[PDB]
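Report on the structure given below.
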2 protein chains.
Amino acid sequence: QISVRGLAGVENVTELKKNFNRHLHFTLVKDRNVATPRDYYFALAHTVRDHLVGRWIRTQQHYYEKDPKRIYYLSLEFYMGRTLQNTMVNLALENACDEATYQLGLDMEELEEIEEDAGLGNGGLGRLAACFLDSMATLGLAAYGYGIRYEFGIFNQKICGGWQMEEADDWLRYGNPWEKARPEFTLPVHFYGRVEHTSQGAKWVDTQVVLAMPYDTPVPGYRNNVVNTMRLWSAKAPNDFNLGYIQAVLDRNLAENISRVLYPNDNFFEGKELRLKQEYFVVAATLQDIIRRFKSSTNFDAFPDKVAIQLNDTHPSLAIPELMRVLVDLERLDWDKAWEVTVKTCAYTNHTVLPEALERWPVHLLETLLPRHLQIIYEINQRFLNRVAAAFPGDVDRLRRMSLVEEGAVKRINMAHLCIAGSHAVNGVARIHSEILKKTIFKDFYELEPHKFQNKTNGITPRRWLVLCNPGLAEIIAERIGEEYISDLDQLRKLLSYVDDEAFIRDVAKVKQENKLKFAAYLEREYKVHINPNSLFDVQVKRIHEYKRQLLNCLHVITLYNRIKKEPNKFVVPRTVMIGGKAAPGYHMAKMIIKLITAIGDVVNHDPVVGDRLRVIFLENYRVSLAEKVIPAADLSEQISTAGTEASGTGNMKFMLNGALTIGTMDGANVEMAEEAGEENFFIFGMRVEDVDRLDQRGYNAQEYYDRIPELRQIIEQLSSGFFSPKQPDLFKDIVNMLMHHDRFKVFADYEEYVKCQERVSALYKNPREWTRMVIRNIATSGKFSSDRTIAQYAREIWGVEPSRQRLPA
Amino acid sequence: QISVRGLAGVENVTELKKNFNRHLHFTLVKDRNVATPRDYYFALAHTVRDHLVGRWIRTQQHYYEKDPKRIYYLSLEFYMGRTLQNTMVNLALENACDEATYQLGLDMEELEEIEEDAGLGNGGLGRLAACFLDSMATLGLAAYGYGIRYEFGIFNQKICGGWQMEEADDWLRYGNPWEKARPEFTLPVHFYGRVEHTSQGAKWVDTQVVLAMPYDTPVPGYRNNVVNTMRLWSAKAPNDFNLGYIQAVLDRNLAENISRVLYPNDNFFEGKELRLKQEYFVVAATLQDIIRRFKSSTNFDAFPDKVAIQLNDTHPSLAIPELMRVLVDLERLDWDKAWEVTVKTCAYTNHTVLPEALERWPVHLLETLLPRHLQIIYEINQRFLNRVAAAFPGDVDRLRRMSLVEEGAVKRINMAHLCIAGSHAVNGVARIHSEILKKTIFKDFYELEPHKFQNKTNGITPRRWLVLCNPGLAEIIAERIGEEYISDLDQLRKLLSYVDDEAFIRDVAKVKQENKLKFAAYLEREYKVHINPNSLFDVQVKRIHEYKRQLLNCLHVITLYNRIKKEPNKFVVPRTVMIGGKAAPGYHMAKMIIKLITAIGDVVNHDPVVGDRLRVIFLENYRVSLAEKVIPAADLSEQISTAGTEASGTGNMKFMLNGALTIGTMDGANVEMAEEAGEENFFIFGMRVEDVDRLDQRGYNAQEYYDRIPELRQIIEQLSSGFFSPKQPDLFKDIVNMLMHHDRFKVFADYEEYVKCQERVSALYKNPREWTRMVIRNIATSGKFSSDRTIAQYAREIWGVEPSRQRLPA
Ligand SMILES: OC[C@H]1O[C@@H](c2nnc(-c3ccc4c(c3)Cc3ccccc3-4)[nH]2)[C@H](O)[C@@H](O)[C@@H]1O
Ligand SMILES: OC[C@H]1O[C@@H](c2nnc(-c3ccc4c(c3)Cc3ccccc3-4)[nH]2)[C@H](O)[C@@H](O)[C@@H]1O
Ligand SMILES: *Cc1c(COP(=O)(O)O)cnc(C)c1O
Ligand SMILES: *Cc1c(COP(=O)(O)O)cnc(C)c1O
């Protein structure tokens with residue numbers, strides 16, 4: 001049908017049909033009389049997987065023979081989403097499978113919808129890990145992702161009575177055809193116990209053992225025949241575990257609970273023992289696998305020449321003291337040599353400055369669970385502080401601020417300080433964030449070791465986030481500039497030559513229109529909701545958090561409602577305002593925000609005076625597969641965090657690639673996006689970081705804004721008095737109280753500029769030709785935000801390896 | 001190589017090789033460079049499984065079109081053992097796979113040893129269920145086995161310091177290539193709740209739900225292209241289960257524990273709640289599946305024409321009140337009609353008369369767990385007793401003895417009484433056992449409903465228990481009488497014509513000798529134990545229980561030792577005495593018996609005066625795959641239970657088929673075996689049932705035997721004084737105490753006859769030609785003990801269906 005989806009050759013189609021029927025009969029044990037759509041999905045998935053196998057085996061043999069430096073990306077989250085379509089895209093099989101299935105009487109798009117998301121992450125951090133794997137494979141790097149195979153991923157969100165309810169995400173119920181269990185590379189992981197000091201060093205004894213069993217998933221590069229591996233560990237009890245009899249077998253559950261469920265926090269730390277066990281489990285199993293692979297090529301001088309370990313935040317920070325433990329206690333290296341190897345091997349990426357998100361583990365927990373690691377941490381700390389004291393003699397307060405050990409009520413280990421001390425490179429995730437790290441929270445570290453600190457601005461994969469989710473747009477671009485841009489996104493700059501081309505303008509606007517119709521139809525089918533597809537699609541999708549300021553969007557929505565009610569017969573640009581995202585289960589204020597959004601919808605959507613001029617829709621169960629549907633359909637991307645809080649953002653980038661304009665603050669990567677497109681082509685508003693600092697010095701007084709802005713005061717009075725909750729008039733009083741007295745994120749301070757800037761959006765939308773020209777200028781300058789660019793920078797500036805676009809043979 | 005293993009045609013071998021390599025690459029994702037023997041095993045298993053699929057699909061379609069009466073065999077145990085070799089035997093693929101693997105550089109016998117037993121049973125009852133499935137398929141019956149997929153089967157036994165230690169049998173760790181998950185036929189099962197009585201009947205409300213997910217395993221018939229199904233249910237929590245958040249997900253374990261582990265008792269009942277949940281789980285899920293299949297062909301008049309349910313002991317007895325519940329509460333049949341359907345549909349097999357093995361559930365447990373089932377049971381009881389009272393007016397004591405409800409301290413439901421009341425047929429498992437049921441424990445029931453009571457003597461499958469485990473014997477038989485006997489075992493009578501044929505005598509004795517050499521070598525390899533393969537192999541393998549009298553065998557062994565020590569220079573026929581079997585983990589006396597056996601070995605095996613004249617070996621981890629090795633190698637089969645206690649036995653039959661002579665009491669099926677072979681060809685000794693009764697009336701006084709038999713007294717003094725436990729002299733005093741004061745099984749009363757009869761065994765073994773002639777007379781008359789005979793009788797006399805030897809097309 002369309003060119004970027006590849007060739008449907010007669011031979012290839014005939015073979016795909018034959019293999020589909022083979023898997024239906026032999027693998028699934030069904031005939032066509034009794035097969036359901038789910039059986040058809042599995043038959044297709046097995047058929048496509050068969051095409052990965054030879055390449056997977058060949059890629060791994062190639063790494064064994066060439067022995068390149070290997071890159072190990074360690075993360076507690078990999079937010080993969082669905083695999084079927086992505087695999088077909090990367091192997092150039094999409095049109096062939098469409099034709100084969102069409103010839104068998106089946107619709108491939110309906111089969112794709114059956115697959116479960118692999119939801120092994122919370123949001124941006126986990127999704128970044130997934131983009132990165134895709135880019136590493138596309139760039140020919142010998143890379144492995146290592147994590148945990150959670151039995152239950154991020155919860156499924158249902159909305160009941162306008163409230164979030166959580167359901168378990170039993171993603172493995174029907175089987176996962178993409179993974180291969182590897183019970184033969186099972187490894188032991190130790191917990192608890194005590195330390196004995198012999199004449200021949202320290203020994204960690206009397207430990208409890210849990211087994212780590214690996215499951216491997218293929219990660220195909222884009223049309224280069226490289227298939228890398230994601231290795232996820234699952235927890236198993238040993239067979240002599242607890243070994244009256246029946247209870248001992250049932251208690252195997254205690255050990256296997258380590259890999260049971262993903263902690264559903266985003267930007268929020270809690271010191272729970274189970275989470276610490278998860279973190280050590282992944283590190284201990286991973287490092288053993290790494291060492292085994294290194295020895296099969298005790299000269300550890302060469303270890304950093306053959307191995308890089310990238311820490312995705314502090315969540316796998318125990319890799320530092322575990323590497324030391326192995327080298328000192330088991331391999332018998334002297335401390336100083338071990339430390340040299342460790343620092344040269346490890347690098348740390350920081351993803352947040354919010355203080356409540358930073359991991360600070362109580363010492364008593366580490367003492368019980370990981371007594372040897374605590375000894376090693378103290379020794380790292382004493383040696384590190386000895387260096388600080390030599391460089392800044394007499395600066396006793398600096399010694400307290402830089403310590404890995406925080407004093408107090410409960411002594412804690414600051415894991416971020418541990419990661420900086422033990423890594424040769426430390427990076428933030430957007431230019432403004434990296435600068436903030438050097439000026440504020442890690443200023444002391446930067447002064448001691450300035451060479452360590454870098455920036456690596458985030459990116460997204462253009463395979464999933466353009467070709468897969470928006471083939472119509474990919475196609476109209478390819479018609480003009482060819483297909484090379486899919487793996488070299490900077491080539492999108494060539495589209496600036498088409499900003500005045502009437503045909504290109506028309507085709508861009510047509511693609512958006514088709515995507516909006518398709519999305520409006522999806523909403524009627526699966527959720528019984530009617531929307532005007534000629535309205536401006538105003539979209540804010542991301543996790544629910546005070547810092548992301550869904551509440552600021554709420555206040556705009558109410559403003560627009562109130563203005564319609566005041567002058568009902570005046571024209572206004574119609575909007576469909578869509579907000580979606582999950583709240584962490586124990587985060588009360590986030591749950592109240594969801595309820596506010598649905599309550600505003602209840603009033604607005606049923607007011608006959610409003611008509612179809614304004615609709616407010618809460619999009620339930622926001623996840624990767626839903627992002628692939630709504631992002632292509634958006635007109636306006638809402639990126640409105642308080643300046644200084646969103647370390648990067650990556651949703652922002654996905655919207656820019658797919659032909660939405662952005663309204664946003666100068667925060668995170670929004671800064672760089674505006675720089676690349678031109679500020680004239682972005683809707684920028686609100687306090688800059690320096691303005692937030694100035695208000696903090698004077699003291700933020702929300703009352704002042706209430707007193708001076710009548711439109712704002714009317715909204716607060718409506719919230720307080722029960723206008724949006726007529727049966728429970730005090731329902732929203734905690735939201736009102738927070739906004740008026742303890743708002744850390746200064747929602748009222750950006751309200752006036754936000755409303756004014758939204759009026760400019762509406763004005764431009766009235767002129768479709770000019771809106772579309774601005775869109776072209778955004779898509780054309782989105783190339784910097786390819787994760788291929790990001791990964792090339794990590795490779796050259798941190799890992800010491802050279803990317804390659806060279807194909808392996810098929 | 002050998003004829004009964006089938007043809008190795010060039011085409012077939014070429015195809016098997018190609019498919020093996022295909023599964024190695026695509027299914028296992030390995031190349032030959034990195035493949036282990038376990039990978040080779042899986043590649044073969046997938047290759048053989050592919051040959052089952054078409055036949056499986058075709059068989060199930062055939063049943064759908066013909067709509068025969070369906071037979072549902074309900075069991076809490078299916079002791080399947082390994083599947084690979086059995087599948088090849090039943091599809092005639094054994095020589096072809098041997099040749100294919102040989103051509104690939106692999107030894108198929110080494111690959112077979114990798115497979116785990118499916119150990120989903122305790123011993124004889126579970127193994128009988130497995131034999132039965134094999135026979136039902138071979139006889140063309142539309143039969144389904146239904147049970148539970150335990151995550152952990154019967155424990156692995158290790159012997160440490162001579163004591164039994166238990167390890168979890170994590171049989172699924174590497175995957176089970178034989179099963180197919182069917183998550184689409186998942187069904188709900190209800191627990192707890194309460195009953196409401198409306199105007200429109202009783203309603204069972206406020207229940208907790210557990211899901212039952214089925215896994216299907218193929219059961220191939222012998223060369224008839226029929227493949228039936230074994231459907232095993234696995235427990236899953238619903239997704240809203242308990243739905244702070246993290247704990248709710250971890251607590252899904254509570255529901256999933258239902259299918260976690262097999263209770264490891266043999267002939268011993270304990271009233272644990274988890275076991276009751278297992279029993280209801282299997283019944284509730286099964287009956288829904290049965291009803292669904294019946295409706296897809298509300299006229300329940302025809303239900304017993306299309307359905308038979310066979311209850312394997314009382315373990316699935318809740319099927320009776322559950323069928324009633326469905327018909328009355330959900331389908332709205334009147335009680336009397338429902339009851340007619342139930343009784344005509346259900347039939348009950350009893351497997352034991354020991355009072356401690358009979359299920360008697362406390363009422364308070366049923367009241368909490370299954371309140372509606374308890375109401376239905378009481379109503380069954382009241383109606384049943386109304387009939388008793390009409391037939392035997394004034395016989396108030398009969399009403400108390402026959403009640404389903406036992407009065408007392410704790411009121412209990414007698415499940416056996418429930419099964420008799422609600423079934424149209426009740427059978428025992430050997431002629432003597434069936435007679436005992438009519439004269440003793442169910443006498444009252446027999447007087448009320450004599451037509452219900454039948455016998456169905458047990459049997460074993462000759463596919464597993466001759467062709468598979470002893471191909472050399474199968475072959476020498478086939479050379480004389482052809483191959484038809486494999487599915488018509490009565491044809492073994494033709495071998496009586498060869499009792500004087502010198503060539504046949506030689507070949508029979510040669511096969512035994514080869515099997516003994518192979519077994520002696522297995523023992524040196526895997527267990528570092530040396531044995532004389534010219535010695536008489538004296539074997540007692542079965543679960544450890546007082547009633548089975550492993551202790552009587554111990555006393556003989558000590559007697560032989562003591563006689564050697566007394567006259568060291570006299571000739572005695574050398575023996576290797578092998579005892580094996582598992583003890584239930586909480587059965588203290590069974591555990592002490594194992595320790596006694598190993599302690600006797602410690603002394604005997606290291607006494608230089610004994611030499612290789614006597615060796616005592618405890619065979620560790622006795623299970624189906626070990627039975628297949630040791631049974632072909634045995635000379636003497638020890639079947640020495642106290643008369644009246646072993647309902648049938650089935651090990652006895654396996655030994656008779658494989659060319660061992662039997663020493664045994666007139667108990668269980670030993671009676672019928674002696675009748676078929678002739679008493680002159682069996683080593684019968686000891687009290688008959690009537691003799692045991694006479695001693696019970698007078699009172700058993702063990703002291704009398706101690707006082708009169710000097711050889712017995714010497715042994716008791718050696719046990720008491722520490723001769724076999726020099727470091728812990730009192731170690732065995734509980735065994736001594738039991739034998740002297742509270743032996744329910746009268747070990748001393750059969751001692752003198754047992755020793756005398758053992759001397760006759762030794763005398764015959766000295767004359768190999770006459771020993772072998774007697775063996776021929778046993779093998780030749782073993783045909784009655786085919787489970788094909790047993791199943792044909794169930795089919796005609798209970799189920800109302802006609803077996804068929806007709807082949808389906810391939
Ligand atoms: O660079 C990728 C993205 O990382 C996000 C992030 N920054 N920190 C986290 C974070 C995620 C999960 C969890 C924590 C922090 C703490 C925690 C504790 C327990 C379980 C999960 C989590 N996520 C940033 O907010 C976002 O601006 C950035 O684009
Ligand atoms: O007909 C097949 C065989 O059934 C055996 C049996 N008779 N009762 C049981 C039995 C097995 C398991 C369990 C129970 C009884 C009670 C129990 C409770 C809990 C768990 C398992 C078990 N087993 C008989 O002892 C044997 O003579 C016969 O050949
Ligand atoms: C990209 C993405 C995110 C991150 O969005 P932000 O707006 O950067 O927070 C979160 N969740 C999903 C499912 C995503 O695809
Ligand atoms: C046949 C068999 C049994 C039953 O043996 P009995 O001597 O009848 O108790 C028990 N366990 C295994 C493994 C068997 O194969």
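Every chain is numbered from 1 and lettered A, B, ... according to where its sequence line falls, protein lines coming before strand lines.
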Shorter than 4.5 Å, heavy atoms on both sides: which option in [options] has the most such pairs with chain A?
{"options": "B:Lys236, B:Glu151, B:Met165", "result": "B:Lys236"}
{"options": "B:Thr36, B:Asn33, B:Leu28", "result": "B:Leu28"}
{"options": "B:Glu166, B:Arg173, B:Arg38", "result": "B:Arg173"}
{"options": "B:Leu274, B:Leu250, B:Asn156, B:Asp240", "result": "B:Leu250"}

Quick one: what part of [X] sits under 4.5 Å from any heavy atom of chain A, side chain, backbone, both or neither?
{"X": "B:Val29", "result": "both"}
{"X": "B:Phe26", "result": "both"}
{"X": "B:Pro264", "result": "side chain"}
{"X": "B:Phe155", "result": "both"}
{"X": "B:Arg252", "result": "side chain"}
{"X": "B:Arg182", "result": "side chain"}
{"X": "B:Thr27", "result": "backbone"}

Nearest 0.5 angstrom please: [X] [atom1] to [Y] [atom2], how far?
{"X": "A:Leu243", "Y": "B:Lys158", "atom1": "CG", "atom2": "NZ", "result": "11.5 Å"}
{"X": "A:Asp169", "Y": "B:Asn239", "atom1": "CG", "atom2": "CG", "result": "8.5 Å"}
{"X": "A:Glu167", "Y": "B:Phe241", "atom1": "CD", "atom2": "CZ", "result": "14.0 Å"}
{"X": "B:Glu270", "Y": "A:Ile246", "atom1": "CD", "atom2": "CD1", "result": "8.0 Å"}

Measuring heavy-atom distances to chain B, does [X] have an atom under 4.5 Å in its side chain, in its backbone, in both, or in neither?
{"X": "A:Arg49", "result": "side chain"}
{"X": "A:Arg22", "result": "side chain"}
{"X": "A:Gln60", "result": "neither"}
{"X": "A:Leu52", "result": "neither"}

Closest non-hydrogen atom pair, A:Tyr245 against B:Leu262: CE2-O, 4.4 Å
Min side-chain heavy-atom separation B:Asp31-A:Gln61 under 4.5 Å: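 Heavy-atom side-chain distance check passes, below 4.5 Å.
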A:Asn257 versus B:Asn253, side-chain donor and acceptor atoms under 3.5 Å: yes
SB check B:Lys30 A:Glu184 (cutoff 4.0 Å):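 Salt bridge flag = yes for A:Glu184 with B:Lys30.
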